[PDB]
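Peer 1: When you number the sequence shown by the authors' numbering, it's gap-free, plus one each residue, and the end is 104. Have a look at this one.
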Amino acid sequence: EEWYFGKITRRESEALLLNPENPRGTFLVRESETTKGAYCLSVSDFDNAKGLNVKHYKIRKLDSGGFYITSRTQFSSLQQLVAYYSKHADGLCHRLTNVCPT
Ligand SMILES: CC(=O)N[C@@H](Cc1ccc(OP(=O)(O)O)cc1)C(=O)N[C@@H](CCC(=O)O)C(=O)N[C@H](CCC1CCCCC1)C(N)=O
């Protein structure tokens, strides 16, 4: 239940997002399974080559500071990241739209 999904798997994230009900920009935030201390923004997309597909963006945190996907654009928290990208794609595949249901 969203937007923070905590310790779900990459593949489980993907199975959730890829519900055909879900529009482009459907998203969740999870822990990164593989980088410890990182988080992950997982977003549903579409192209006519791949069809329905998902992109994953690592969210790093500086020790000393803020959260980021790109290091020139930082946030003092995860809700501020999410609020930003809800208004602007700014290099993401798509603007954040629905939170992932379930
Ligand atoms: C295999 C994979 O998904 N890697 C992920 C990263 C990841 C790793 C571990 C995670 O943790 P976990 O193991 O739990 O999933 C979660 C996510 C990945 O590279 N995404 C791509 C972007 C999505 C895509 O275009 O696909 C990525 O960073 N692009 C970078 C940077 C691109 C830019 C684009 C402009 C805005 C700032 C980012 C690159 N190439 O310069």
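By construction, the Cβ of each residue, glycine as well, lies at the ideal position given by its N, Cα and C atoms.
#1: Identify, in the order they occur along the chain, each residue of the same chain with its Cβ nearer than 8 Å to the Cβ of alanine 85, setting aside the five sequence neighbours on each side.
#2: Could you please give the first and the last residue of the uninterrupted beta strand (DSSP E) stretch that includes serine 46?
#3: Which residue marks the beginning of the alpha helix (DSSP H) containing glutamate 33, and which one marks its end?
#4: Quick one: give me the first and last residue of the beta strand (DSSP E) that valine 84 is part of.
#5: Measuring only the C-alpha atoms, how far is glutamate 3 from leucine 19?
#6: On the DSSP bridge assignment, give the partners of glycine 53 in chain order.
#7: Could you tell me if the beta carbon of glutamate 14 falls within a distance shorter than 7 Å of some heavy atom in ligand 1?
Peer 2: Quick answer:
#1: As a first step, residue 85 must be located in the sequence shown, where it is residue number 83. No residues qualify anywhere along the chain.
#2: Here residue 46 refers to the residue found at position 44 when the sequence shown is read from its first residue. Residues 41 to 49.
#3: Translated into the one-based positions of the sequence shown, residue 33 becomes position 31. Careful: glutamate 33 lies outside any alpha helix (DSSP H), inside the beta strand (DSSP E) at 29 to 33.
#4: To locate residue 84, count along the sequence shown from 1; it is residue 82. Careful: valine 84 lies outside any beta strand (DSSP E), inside the alpha helix (DSSP H) at 80 to 89.
#5: Walking along the sequence shown from the start, residue 3 turns up at place 1. Walking along the sequence shown from the start, residue 19 turns up at place 17. For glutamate 3 and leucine 19, the distance between alpha carbons rounds to 12 Å.
#6: By one-based count along the sequence shown, residue 53 stands at place 51. In the DSSP secondary-structure assignment, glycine 53 is bridged to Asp49.
#7: Here residue 14 refers to the residue found at position 12 when the sequence shown is read from its first residue. Every heavy atom of ligand 1 is 7 Å or more from the Cβ of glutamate 14, so no.
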